[PDB]
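Trainee: Here's a sequence, model it:
(chains A, B, C, D and E, ligands or ions: 6)
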Amino acid sequence: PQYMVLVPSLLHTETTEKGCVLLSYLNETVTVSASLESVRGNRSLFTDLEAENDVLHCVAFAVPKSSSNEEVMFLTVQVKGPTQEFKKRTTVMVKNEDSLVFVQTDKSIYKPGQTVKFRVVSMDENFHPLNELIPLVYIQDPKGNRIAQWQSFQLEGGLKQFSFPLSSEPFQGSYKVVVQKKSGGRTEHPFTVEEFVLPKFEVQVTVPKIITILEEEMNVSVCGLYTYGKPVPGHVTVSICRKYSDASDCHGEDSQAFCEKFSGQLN
Amino acid sequence: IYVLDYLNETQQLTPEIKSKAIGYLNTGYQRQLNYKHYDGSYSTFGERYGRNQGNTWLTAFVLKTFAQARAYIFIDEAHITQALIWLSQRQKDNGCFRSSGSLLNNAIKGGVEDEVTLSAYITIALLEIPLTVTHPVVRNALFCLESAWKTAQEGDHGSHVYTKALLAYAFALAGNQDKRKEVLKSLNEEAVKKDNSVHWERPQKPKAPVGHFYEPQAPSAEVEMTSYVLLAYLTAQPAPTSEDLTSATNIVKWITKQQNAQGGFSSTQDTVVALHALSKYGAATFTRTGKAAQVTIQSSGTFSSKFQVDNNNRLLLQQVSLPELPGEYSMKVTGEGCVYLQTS
Amino acid sequence: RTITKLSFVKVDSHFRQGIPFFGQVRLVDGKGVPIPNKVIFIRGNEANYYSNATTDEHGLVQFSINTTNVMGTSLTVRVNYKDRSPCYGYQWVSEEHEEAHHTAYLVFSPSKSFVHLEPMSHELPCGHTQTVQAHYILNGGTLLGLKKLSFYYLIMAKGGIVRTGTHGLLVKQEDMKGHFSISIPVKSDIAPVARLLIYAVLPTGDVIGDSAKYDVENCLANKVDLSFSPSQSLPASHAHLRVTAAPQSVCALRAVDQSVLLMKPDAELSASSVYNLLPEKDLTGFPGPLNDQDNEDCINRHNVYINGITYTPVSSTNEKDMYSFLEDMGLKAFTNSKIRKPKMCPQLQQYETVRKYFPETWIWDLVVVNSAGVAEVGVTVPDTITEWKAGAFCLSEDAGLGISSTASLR
Amino acid sequence: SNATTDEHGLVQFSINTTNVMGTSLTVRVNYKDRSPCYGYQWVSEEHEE
Amino acid sequence: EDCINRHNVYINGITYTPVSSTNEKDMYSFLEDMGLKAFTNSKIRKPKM
Ligand SMILES: *[C@@H]1O[C@H](CO)[C@@H](O[C@@H]2O[C@H](CO)[C@@H](O[C@@H]3O[C@H](CO[C@H]4O[C@H](CO)[C@@H](O)[C@H](O)[C@@H]4O)[C@@H](O)[C@H](O)[C@@H]3O)[C@H](O)[C@H]2NC(C)=O)[C@H](O)[C@H]1NC(C)=O
Ligand SMILES: *[C@@H]1O[C@H](CO)[C@@H](O[C@@H]2O[C@H](CO)[C@@H](O[C@@H]3O[C@H](CO)[C@@H](O)[C@H](O)[C@@H]3O)[C@H](O)[C@H]2NC(C)=O)[C@H](O)[C@H]1NC(C)=O
Ligand SMILES: *[C@@H]1O[C@H](CO)[C@@H](O[C@@H]2O[C@H](CO)[C@@H](O[C@@H]3O[C@H](CO)[C@@H](O)[C@H](O)[C@@H]3O)[C@H](O)[C@H]2NC(C)=O)[C@H](O)[C@H]1NC(C)=O
Ligand SMILES: *[C@@H]1O[C@H](CO)[C@@H](O)[C@H](O)[C@H]1NC(C)=O
Ligand SMILES: *[C@@H]1O[C@H](CO)[C@@H](O)[C@H](O)[C@H]1NC(C)=O
Ligand SMILES: *[C@@H]1O[C@H](CO)[C@@H](O)[C@H](O)[C@H]1NC(C)=O
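Mentor: Residues are numbered from 1 along each chain as shown, chains lettered A, B, ... in the order given. Ligands and ions are numbered 1, 2, ... in the order given. Sure, the structure comes next:
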């Protein structure tokens, strides 16, 4: 009595999930049904496969979203033997496959004073487009509130683009946008909003994040340019310091075990 | 929770025992979580014992009572979710699983450790489904249940009451109408009824040798099984026959006589399931505005009797005798709410 | 705190006894400066195949062990001394080198055979394959056997299976080897962890598999990329970015600067992004609210019960059998045979720097490609001294998703 | 095995030891408890073990 | 002192028994139940690790 039905237990409703059952060494007959006949048998996904020897015929019974959370409809699987009923207990795992979505953006960081412009996507288990509506979507203001909205929008080719404004003084920082589905799949993407200056100086050290015990020569490489093409003919020093010992500054100097000064004229 | 429902169903309750029972429930729930698993599962110990695996009959009980306890007050859905799916994965290819033996007490589970009645506990406890869903896990419990039934009924002995009675109530809350009927009808043949009631018993002279004190290694599980005998009959999503109600009040006369002055019964399983059987017997027979059950006898010898039963004349025994040698006294019952009569 | 941080290059996830796996380990340290060929002492322990070697230039070196051991094989190498010898009595004291502390466990093969497979676990040419190679065996040669056995190769695709492909060849009654021809193509339509699987279609009732997997790095179904009018000075407004995809596909025109993105580069912005932005990809074996089961079998007699050469209660093991090799990919199945180990039921006795540039918008819009490729005009924003990009994207059901990942115009 | 007394009570019972190492034997006409009146502190009869 | 002491018994099979001792009878034990003593280099004294 040889038979083995490789049943993948992970689910994506009404989308491709191929399946085949194993047999070799011909017996009387085996045509097992990996069924889903219920407690009363009303609802099932009865795609029985015959079983013949030393081959495999894989079939994709793709199956629905059932009730509130994913219900398999009272699963049962009977081994189809002609003069045998060798049959006992085993189930399946269960979830509902939304049409899966995301966001891309121009930026997250934005300058108040201009507008915003943004797009959305939705696909399936597989990675091909999908034209299906939404219940709603709305740009979030950080105070537990909603600032933009286009209710029940639908895609054109699996996509859509809007362009929303932004006041020249909002609350500063991350500004969320989320889509939620008729199940409620939340897909979240911010846009940072900060009026940080354009600082009119740059200096950028290179220096060991990792200097370790036995080392011969450290070449801390330092050149930052205030506009990326305009440095000074000048001088620079830098507080390479041996540090990191929690100090009350009782010395009057900070926690340096050493502060070394390998300063040089900027070429 | 079962006595909370039982007291509320009777209608002689109080919102004070209720609210202090909210307190009971929150604290007790939380302390169940003191001993559960980090994955979702449930053992006796849990925290500070990270590496472990929960318990099967235990977790069946906890999902059951999570069902009913949510059924009274608020729970969070993730608990029933993760536990229902725990029992769902407790599933390799085919077999009817057994206890992952880690008990501290063989009596808290009144059963006799066979996967037969364990699995049947799974199918009932996972079909009784109050207001949530019971998706995958429970039907394959019915499947193994049919399997063990084939093994048993193809034989003639499974203690002759216990396993097949659990088959009865399992098929009943499943509704395998011909199949529940076959097994409970075999039980009806295998009768151990009382002089004033009905009840069932394991061999009582068991084939294997027995011990000394309370027959150890064997809870004797009468009020749990006989409840699980009682429980098959009341089940039908519109209604069973009134034969079910007759035998129910028979076996429940036996229930209440088998109770003792403290509370509950000789375990926790029997107590829970007795109280729930009784409660939903009531939930069938009890409704608020339905308190209007009118009555007559009709005997042709100008000797009959009219009666009435309500919510506030709700239970006076009417001790009444008859002059005729034969009893040819034709009943009649109209109105609302069920009644218990006992003639002899 | 530590010095000389070694590695584990291509070592066995786990192994089996009837074949020597090859250990491989590398090193990096300090300036990225493992010596070419500084010697080590390769700790053969309990198999006792101590066989010193040294690195290559990469850190790498290959090395194996002998075969004849219980599951409890402990394996490692050291490169420098062992214990904390110098100036070490203060409790404000520690000094370490890295431990090559590898372990594993052993097939439970009362099936007595298995397959031993080799990796892809590194960078990858896509739209390709290679002659896949493992090592087969057979036991007692074959006890009675057959003329042939089927070896049809399962591949756990997207939490299930997608492809179809078969193998199998003769059985010689009483002689074994370890060679097997197979190959599978790398396309798409796949959870991007490549979970191969293969076994003997056995008549006596057992299966041989494991977590024996590969990689699926960034490669695509639908392709698209670009071509533009050149980097030019101030007034070069009339320009192009000709981009090319499937015949019928809505696609994007996000022609952009890239400095304010050099501040925050493409962190969640990639094809590996759109891969792993999927949910619930491969929830495998025993997920969160998921567990093992009490197989009704039990090895219970009323005492400790080990035969052979020892008094031992049933020797509490912790190793790897085949029911868990059904778990380690993600699928269920059904099987009458003996695949799981004999664990019993217990008895009665025993139980940041902020680097921003000017913000104004340059290009953002959508067109649809044709059978010949649209040549959309990028239009210049002068007074902008920088390197540029077009973070486009295209999509259609006749071709599937696609993306122009990388391009540059200064 | 079930057996009985010869005139001496001898029983030539033989158990095939196709089993394992650490045994724990047993011989009774009764069970693993002082069948009448065991846990009373005031009853003082026993079946020989 | 004659000892075959592996780190563990090396039972590659059903289980990984570590160094797993026993109490089986010996002929050392036949002779000391008997009582007397003897001299050989054969295999009598079990190979206790
Ligand atoms: C990895 O471990 C292996 C096993 O230990 C090493 O294999 C050894 O390789 C050597 C060289 O091929 C073999 O030849 C031996 O060499 C030693 C060297 O001794 C030297 O010093 C003595 C001092 O008296 C001097 O007399 C010799 O002439 C040498 O200059 C000889 O002592 C041996 O007699 C023999 O010729 C060994 O057979 C082999 N095993 C041994 C003994 O280690 C292998 O070298 C290691 N990997 C490396 C780093 O090569
Ligand atoms: C247990 O306690 C509850 C206390 O609420 C008892 O009363 C039950 O309360 C519910 C509240 O919804 C009643 O539902 C009713 O439905 C009708 C028709 O929609 C509506 O007009 C009423 O305003 C009310 O919402 C329910 O009838 C009532 N009895 C039940 C639930 O059977 C309850 O009697 C006690 N018994 C139990 C449930 O154990
Ligand atoms: C550990 O690895 C070695 C290989 O380095 C394995 O030894 C090999 O074992 C096979 C099978 O016994 C040898 O083949 C035959 O050996 C006999 C010895 O008398 C010879 O007469 C035959 O003509 C044939 O060669 C093989 O020679 C041997 N390796 C060598 C020296 O080439 C060994 O099996 C591995 N682990 C263990 C201990 O099993
Ligand atoms: C094949 O398997 C079936 C089902 O268990 C069994 O009844 C039969 O004896 C086996 N042998 C043949 C050749 O039918
Ligand atoms: C199964 O349940 C559905 C629920 O709508 C019902 O319509 C149907 O009649 C039931 N069974 C059948 C197919 O009769
Ligand atoms: C144990 O099994 C053997 C098998 O040949 C049998 O002969 C013997 O009677 C059995 N037990 C004994 C020793 O009586």
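
Trainee: Name the nearest residue to the closest residue to ligand 2 within the stretch 1-150 of chain A, sequence neighbours excluded.
Mentor: Distances between the stretch 1-150 of chain A and ligand 2 by CB to the nearest ligand atom are smallest at residue A:68, namely 20.1 Å. (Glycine included, C-beta is placed from N, CA and C.) Spatial nearest neighbour of residue A:68, excluding adjacent residues (CB to CB, 6 or more residues apart in numbering or on different chains): residue B:133 at 6.2 Å.

Trainee: and the one you found, what does it touch?
Mentor: A:67-69, A:71 (CB atoms under 8 Å, 6 or more residues apart in numbering or on different chains).

Trainee: so what's the backbone phi/psi at the closest residue in space to residue A:111 that isn't next to it in sequence?
Mentor: Once flanking residues are discounted, residue A:111 sits nearest to residue C:359: 3.3 Å by CB to CB, 6+ apart. According to degrees, to the nearest 10, the main-chain angles of residue C:359 amount to phi -100, psi -10.

Trainee: give me the element the closest residue in space to residue B:172 that isn't next to it in sequence is part of.
Mentor: Excluding its sequence neighbours, the residue lying closest to residue B:172 (CB to CB, 6+ apart) is residue B:235, at 3.8 Å. If you go by DSSP states H and E, residue B:235 is not part of any helix or strand.

Trainee: wait, residue B:235 sits on residue B:171?
Mentor: No: if you go by CB atoms under 8 Å, residue B:235 and residue B:171 don't touch, sitting 9.1 Å apart.

Trainee: Phi, psi for the residue nearest to residue A:68 please.
Mentor: For residue B:133, the backbone dihedrals are phi -110, psi 150 (criterion: degrees, to the nearest 10).

Trainee: again, but for the one 10 residues further on
Mentor: The phi and psi torsions at residue B:143 (degrees, to the nearest 10) take the values phi -70, psi -60.

Trainee: In contact with it, which residues are there?
Mentor: Contacts of residue B:143 by CB under 8 Å, 6+ apart are A:76-78, A:87-89.

Trainee: how close does it get to residue A:36?
Mentor: Noted for residue B:143: a distance of 12 Å to residue A:36, by CB to CB, to the nearest Å.

Trainee: same check, this time on residue C:192
Mentor: 30 Å.

Trainee: again, but for residue B:220
Mentor: 39 Å.

Trainee: Comparing those two, which residue is more hemmed in?
Mentor: residue A:36 (23 against 19; other CB atoms under 10 Å in any protein chain shown).

Trainee: circling back to that earlier point, higher neighbour count, residue B:235 and residue B:171?
Mentor: Neighbour totals were compared for residue B:235 and residue B:171, and residue B:171 leads with 29 against 22 (other CB under 10 Å).

Trainee: Helix or strand: which one has that one?
Mentor: Counting by DSSP H and E, the element that carries residue B:171 is helix B:162-174.

Trainee: same for that helix, what does it pack against?
Mentor: With contacts taken as 3 or more CB pairs under 8 Å, 6 or more residues apart in numbering or on different chains; DSSP states H and E, helix B:162-174 sits against helix B:115-127, helix B:137-153, helix B:177-189, helix B:222-233.

Trainee: so can I have JSON lines of those showing distance to residue B:196?
Mentor: Listed next are these as JSON lines, based on distance: least, CB to CB, whole Å:
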{"stretch": "helix B:115-127", "distance to residue B:196": "28"}
{"stretch": "helix B:137-153", "distance to residue B:196": "30"}
{"stretch": "helix B:177-189", "distance to residue B:196": "18"}
{"stretch": "helix B:222-233", "distance to residue B:196": "15"}
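
Trainee: so which of those helices gets nearest residue C:187?
Mentor: Residue C:187 sits nearest to helix B:137-153 of all the helices and strands packed on helix B:162-174, at 36.2 Å, using CB to CB.

Trainee: Phi and psi next, for the residue lying closest to residue C:227 once chain neighbours are set aside.
Mentor: Among residues not flanking residue C:227 along the chain, residue C:242 sits closest, at 4.8 Å (CB to CB, 6+ apart). As for residue C:242, its main-chain torsions (degrees, to the nearest 10) stand at phi -80, psi 120.

Trainee: any idea how far ligand 3 is from residue C:242?
Mentor: Counting by CB to the nearest ligand atom, to the nearest Å, the gap from residue C:242 to ligand 3 is 62 Å.

Trainee: Run through the residues that contact residue B:7.
Mentor: Residue B:7 is in contact with B:13, B:17, counting by CB under 8 Å, 6+ apart.

Trainee: Please read the previous query as pertaining to residue A:75.
Mentor: Per CB under 8 Å, 6+ apart, neighbours of residue A:75: A:35-36, A:91-92, B:136, B:139-140.

Trainee: try 6 Å
Mentor: Listed by CB atoms under 6 Å, 6 or more residues apart in numbering or on different chains, the contact set of residue A:75 reads A:36, A:91-92, B:136, B:139-140.

Trainee: before we move on, back to that, go ahead and name everything in contact with the helix holding residue B:171.
Mentor: Contacts of helix B:162-174 (CB under 6 Å, 6+ apart): A:39, B:116-117, B:120, B:123-124, B:127-128, B:142, B:145, B:149, B:152, B:158, B:179-180, B:183-184, B:187, B:202, B:225, B:228-229, B:231-232, B:235.

Trainee: How about the residue in chain A that sits furthest from its center?
Mentor: residue A:83 (51.2 Å; CA atoms, centre = their mean).
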